[PDB]
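Chemist: begin with these chain(s), straight out of the complex:
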Amino acid sequence: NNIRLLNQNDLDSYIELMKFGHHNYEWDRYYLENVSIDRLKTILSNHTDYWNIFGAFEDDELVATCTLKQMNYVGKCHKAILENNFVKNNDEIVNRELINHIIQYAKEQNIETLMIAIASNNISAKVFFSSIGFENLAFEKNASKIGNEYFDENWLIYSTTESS
């Protein structure tokens, strides 16, 4: 019972958790419907040094998941994006523990700031990440397009440095 770095040995578990973990909003349904198993196997490998999926485990079962994508681009390594937060049953006690692990890892890679883009009408998520310490950075009209239907996103930022 704890959190480790997922890897290409977890591809199986990771589709199952995707099949119902975030199967909430139509975004979550479309992702499933049209995303490649290649990019996944890519991300899940350790040659993708900066593209990391973390998982929370209850016994054999993957229970939560989240990707850390650090920007390996000139002058941008101090930053990273959190993406594809899939949770089973919507157990928040567990996800909160997961996000925290991911923060500790970030610090330990010297990642200075974390960002997440959240769909303007996923209020549960805004409340969750906000409660973790993320704050408003930007607001993006038509950040995401599905079929020919658009979605706005709120960009949040968390800093992993004792700033203040």
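Modeler: Done, it's in. Numbers count the residues shown, from 1 in each chain, chains lettered A, B, ... in the order given.

Chemist: tell me which other helices or strands the longest helix along chain A touches.
Modeler: Identified as the longest helix of chain A according to DSSP state H is helix A:92-108. With contacts defined as 3 or more CB pairs under 8 Å, 6 or more residues apart in numbering; DSSP states H and E, the secondary structure elements packing on helix A:92-108 are strand A:2-5, strand A:51-58, strand A:61-70, strand A:79-87, helix A:123-132. Heads up, the C-betas are built off the backbone N, CA and C, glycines and all.

Chemist: the helix or strand that comes right after it vs helix A:92-108, what angle?
Modeler: As assigned by DSSP states H and E, the chain's next helix or strand after helix A:92-108 is strand A:113-119. Relative orientation of strand A:113-119 with respect to helix A:92-108: 140 degrees, computed using axes from the mean of the first three to the mean of the last three CA atoms, to 10 degrees.

Chemist: related to what we said a few turns ago, pull out the buried positions in the longest helix of chain A.
Modeler: For helix A:92-108, the buried set under the neighbour-count rule, 16 or more other CB atoms under 10 Å, comprises A:94, A:95, A:98, A:99, A:101, A:102, A:103, A:105, A:106.

Chemist: tell me which of those is nearest to residue A:54?
Modeler: Distance ranking of those against residue A:54, using CB to CB, places residue A:102 first at 5.5 Å.

Chemist: name the nearest residue to the residue nearest the centre of chain A, ignoring sequence neighbours.
Modeler: In chain A, the C-alpha closest to the average C-alpha coordinate belongs to residue A:83, at a distance of 2.8 Å (CA atoms, centre = their mean). Once flanking residues are discounted, residue A:83 sits nearest to residue A:67: 4.6 Å by CB to CB, 6 or more residues apart in numbering.

Chemist: chain B next, sequence below:
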Amino acid sequence: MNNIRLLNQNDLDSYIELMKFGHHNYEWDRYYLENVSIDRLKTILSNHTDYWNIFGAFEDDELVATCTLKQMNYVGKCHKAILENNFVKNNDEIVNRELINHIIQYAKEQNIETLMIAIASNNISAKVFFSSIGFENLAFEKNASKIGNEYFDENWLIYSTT
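Modeler: Now chain B, sitting on the chains shown earlier:
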């Protein structure tokens, strides 16, 4: 005069020469050159990354300006793209203006509806210029970039080809 086209692996020398002029007003050309790897340059230039394309302007056979278009090949994000590494010999505005037009027309052909570019925060020439092609400020990014232990604030500008 001019000619504008896709850059390939064969234009790498030229492109390296362009950066070396040091004409970028906030030194991005030196920063980028000091810190980038040729493998990644080669990866950008390559046929095999068709959502990631560098355009160049030529005077004769001389590479006189450059700007890269990076489309978002993430699942719901394909309608967007970033302009990056806009390097311009002499900061020649008439040249750079033909270049962006061409890239915009090319974006339109890919069904790209929105383009974004990061500009140094205090760069008001660039804000004026992009502003005159139709880009407006989307957000301010404090500590957008770090090199060594130097930070840089940027603003993201955005344009709708819609």
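
Chemist: check the buried residues of helix A:92-108 one more time with chain B there.
Modeler: Neighbour-count burial for helix A:92-108, counted by 16 or more other CB atoms under 10 Å in any protein chain shown, picks out A:94, A:95, A:98, A:99, A:101, A:102, A:103, A:105, A:106.

Chemist: for stretch A:157-164, same thing?
Modeler: Taking 16+ other CB under 10 Å as the basis for neighbour counts, the residues of stretch A:157-164 that come out buried are A:157, A:158, A:160.

Chemist: could you do stretch A:107-124 as well?
Modeler: Across stretch A:107-124, burial judged by 16+ other CB under 10 Å covers A:109, A:111, A:112, A:113, A:114, A:115, A:116, A:117, A:118, A:119, A:120, A:122.

Chemist: show the contacting residues for the closest residue to the second one other than its chain neighbours.
Modeler: Okay, so that is residue A:111. In space, and not counting its chain neighbours, residue A:111 is closest to residue A:80: 4.8 Å by CB to CB, 6 or more residues apart in numbering or on different chains. Applying CB atoms under 8 Å, 6 or more residues apart in numbering or on different chains to residue A:80 gives the contacts A:50, A:68, A:69, A:70, A:71, A:106, A:111, A:113, A:114, A:115.

Chemist: Serialize those residues to a markdown table and add fields for distance to residue A:88.
Modeler: Output for the contacts of residue A:80, formatted as a markdown table (distance: CB to CB, whole Å):
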| residue | distance to residue A:88 |
| --- | --- |
| A:50 | 26 |
| A:68 | 19 |
| A:69 | 22 |
| A:70 | 26 |
| A:71 | 29 |
| A:106 | 23 |
| A:111 | 27 |
| A:113 | 29 |
| A:114 | 23 |
| A:115 | 25 |
